[PDB]
Every structure is written in structure tokens, then in C-alpha cells.
Amino acid sequence: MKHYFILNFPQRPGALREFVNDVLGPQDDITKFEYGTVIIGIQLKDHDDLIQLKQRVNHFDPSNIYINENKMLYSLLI
Amino acid sequence: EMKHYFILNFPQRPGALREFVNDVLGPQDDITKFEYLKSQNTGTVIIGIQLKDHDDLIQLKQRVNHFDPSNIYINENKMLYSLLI
Amino acid sequence: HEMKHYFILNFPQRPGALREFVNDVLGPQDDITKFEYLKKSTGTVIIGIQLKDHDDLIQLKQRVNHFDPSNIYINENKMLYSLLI
Amino acid sequence: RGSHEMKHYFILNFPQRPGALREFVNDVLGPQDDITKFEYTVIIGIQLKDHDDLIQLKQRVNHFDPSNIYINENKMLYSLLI
């Protein structure tokens, strides 16, 4: 239910405003935002919405890295 | 000053970052720094905000005060500005 | 011009653990170039080391292994080196 | 807390020259003084075994970094950073 990513936020201004209002859903909530590599944890109301979120993250940052797929990154970062 | 810096004890209310971006922040305003200084995910964060216009600073401070009543404006303390920025 | 070695260690919470790493684990000719945390609840740290004698690297990894058996040599993993350096 | 506080915190500008941490661990610190914190300008915490040893530690810290800031004096700096 808590899914973690690693992104390189664009230096383009208003990117986080674009991320909150477009990349994420209304019921989705950011649970982590630690440092331009940024670690971010997002909680999902339903697991059936994860795949579409992954696609939107790839549009925002093609350099995105899903943490939960690599166990070592999960143990080290989370 | 077009870049302003604050100290906030981020509320545990869900969607706080969305609340800060859409309500505490202006549509033409951007955040330039988001760095914790405390540790856990529950922590004290140092935030930097850039305003489109300086006239919106007084009203911005009030929005930050409603978000975290114990917030601290750094730009008006030379000691904290020199140490944290 | 120079080569450095970065490690991930679950640094023991015992007091004086850094003196042990500097004196017992690290050779007198070797120096530390990076000490940065990755998480807390203050466990994981990235420690970068510059050795004057590359031939002593094998012995270094042993002393790091005895210090923290959870040692991870960052330089081996491709994804870890690019992400963390 | 005239002689009963054993955890003391400082803000130092570490020289980026080699062996600085070895110089700080051996030359600056005392034999019974143990490090308790080191986070990035770096905030450092040391626990003494004897409060009388504090004077010498502060003197040696001033030599290492004249720009050092003993945090415990400022209750504000103590609250925000610890």
C-alpha cells in the first residue's frame, strides 16, 4: 500500500505543483520527501491504482526508479 | 528578497504537502529548498519559497502560520540565516 | 589522479564506534572523504575512503567486515555507484 | 547543569584537508570522550565522562575550528537542532 520511488525532479519551475496536481491522485498522499535525486513514499488507497501511477511517474521522470522492486534499495533507503 | 525561507514542524494531517503546495503556496510561487534538519520521516523541515511578487509575502506568512502555528521565518534572523542558508 | 572506495555500513550505535573505525579499521595512511547518512530508525552511512596503497584494499574489506558484517561495497554494484556517487 | 551535563554539541566547519576526522578523533577528543552525533558545516555531539574535561575539549575545538559554535548555550539552537 506504501510504494516508494526515486526521481530526478526537473529544474523546470512549478514541477512539484505539477507532480501533486497531475502525477498523483486526489486520495494519494506523499509520505516521504527526502533528498537532484529525491526519495518519495506514496500511500495508495487501493493497490489497483499502482500500475497507472507508475506510468504517470515515467512521464514526469523517465529516470524514475521504483524502490519496492529491488529489495536492497528497500532495505537501504526505507 | 525574492527567496524566503521558513522552518516548519510539518503536520501529520494526510496530504500536508498537497495542502502546502495548493493552499499555502501561490500559483505563481515556487519552492526552492526542502531539506530536513533533525531523525525520522516525522521531522522539522527547512523550506525556501520564491514569490512572483513581493507584495504577497505578508499574506504568505499568515498562510504558513495557519499551516504550522509554530513556524519560524528565517530571513528576519541573521543568526539563523547565516547558519542554515 | 586518485581513487576512492565507498562503503555502506550499519554503523553500531555504541559510543566511540567512530574512533574504532578511524583507528582500528582504517590504516594510518588512509583517509575518509565522505560520511553521509542514508536513513534513521542513524543506521546506514556511506563512508568513502582513499587508500595510498591499493594492495591493502583486501585487508580493508576484512576489517570493515569484522566491524560491520552488513558491509556493502558500493563500488561493485553498478546501480549503487551511479546513484550514490 | 554546572557539572552534571555530559552531552555537549558543537557546529564546526570541517577543513576539507585529508585526515581531518583522524585529527579530530585523536587530537581533539579526550580518551574518555565518545562521539554521539555527526551530521551535516557539521553538527557533532560528544559525551564526556568527566565534566572537568569539558574545558580542554572546548579549547581544542577552538584551535581546530575558530568558527565553532557551542550549541548548548543557546536554548533555541539546542531545541531546533537536537
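I will try to describe carefully the structure that is included in this document. (Residues numbered from 1 in each chain as written, not as in the entry; some residues may be left out. Chains lettered and ligands numbered in written order. Heavy atoms only, no water. Residues with missing side-chain atoms left out of burial classes, pairs and counts.)

1. Here we look at the sheet that holds strand β3 (residues 44–50) of chain B
Residue and element names in this part refer to chain B. In spatial order, the strands read β2-β3-β1-β4; together these 4 strands make up an open sheet with antiparallel pairing. Of all the strands in the sheet, the pair left with one neighbour each is β2 (30–36) and β4 (72–73). Sheet analysis places β2 next to β3, joined by 6 bridges and oriented antiparallel. Bridge pairing links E35 to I46 in β3. (Pairing = 2+ DSSP bridges. Helix = DSSP H or I, 4+ residues; strand = E, 2+ residues; numbered from the N terminus.)

2. Things to note about the interface of chain A and chain B
In many reports, interface size means the accessible area that the parts give up when they come together. Between chain A and chain B, the residue contacts involve 16 residues of the former and 14 residues of the latter. Here chain A and chain B share an interface that buries about 1200 Å² over both sides, 56% of which is from carbon and sulfur atoms. Summed over the three residues of chain A that lose the most area to chain B, namely A:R17, A:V20 and A:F33, the buried surface amounts to 41% of that side. Inspection of the chain A/chain B interface yields 0 salt bridges. (Contact = heavy atoms within 4.5 Å. Buried area = accessible area lost by both parts, 1.4 Å probe. Salt bridge = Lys/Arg side-chain N within 4 Å of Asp/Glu carboxyl O.)

3. What about the pairing of strand β1 (residues 3–9) of chain B?
Residues and elements named next belong to chain B. Judged by how many residues are buried, β1 sits mostly within the fold: 5 of 7 residues are covered. Where β1 and β4 come together, 2 bridges link them in antiparallel fashion. Residue pairing in the sheet places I7 in a bridge with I72 of β4. (Buried < 20%, exposed > 50% of the residue type's maximum accessible area, 1.4 Å probe, protein only.)

4. Some details on the arrangement of the chains
In this assembly, 5 pairs of chains are in contact, and the pair with the greatest number of contacts comprises chains A and B. Where chain A comes nearest to chain D, the C-alpha atoms are still 13 Å apart, and the two do not contact one another.

5. Section: the interface of chain D and chain C
At the interface, 14 residues of chain D touch 12 residues of chain C. Across the chain D/chain C interface, buried area totals approximately 1200 Å², and carbon plus sulfur atoms make up 61% of it. One can count 1 salt bridge joining chain D with chain C. Taking the shortest distance from any N to any O, the salt bridge between C:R19 and D:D34 comes out at 3.0 Å. One can count 5 residue pairs in polar contact joining chain D with chain C. When the residues that make up the side of chain D that touches chain C are grouped by side-chain class, the tally is 7 nonpolar, 3 polar and 4 charged. (Polar contact = N/O pair within 3.5 Å; in protein donor to acceptor, adjacent residues only side chain to side chain. Nonpolar A, V, L, I, M, F, W, Y, C, P; charged D, E, K, R; others polar.)

6. Thoughts on the packing of helix α1 (residues 15–23) of chain A against helix α2 (residues 50–60) of chain A
Packed helix pairs are characterised by how far apart their axes lie and by the angle those axes make with each other. Residue and element names in this part refer to chain A. Packing of α1 against α2 leaves a shortest axis separation of 11 Å and a crossing angle of 155°. Compared by their axis directions, α1 and α2 come out roughly antiparallel. As α1 runs across α2, the sense of the crossing is right-handed. On α2, the residues that touch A15, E18, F19, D22 and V23 of α1 are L53, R56, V57 and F60. The class makeup of the residues in the contact of α1 with α2 is 6 nonpolar, no polar and 3 charged. (Axes fitted to C-alpha atoms, helices over the stretch in contact; angles between N-to-C directions. Parallel < 35°, antiparallel > 145°, perpendicular 65-115°, else oblique. Left-handed = near helix turned anticlockwise from the far one by under 90°.)

7. Some details on the sheet that holds strand β4 (residues 72–73) of chain C
All names here are of chain C. What the 4 strands build is an open sheet, ordered β2-β3-β1-β4; its pairing is antiparallel. Two strands close off the open sheet at either side, each with one partner strand: β2 (31–37) and β4. Sheet topology places strand β1 (residues 5–10) next to β4; 2 bridges connect them, and they run antiparallel. Bridge pairing in β4 places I8 opposite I72. Helix α2 (residues 57–67) contacts β1, β3 (44–50) and β4 of the sheet and is inclined by roughly 15° relative to β1.

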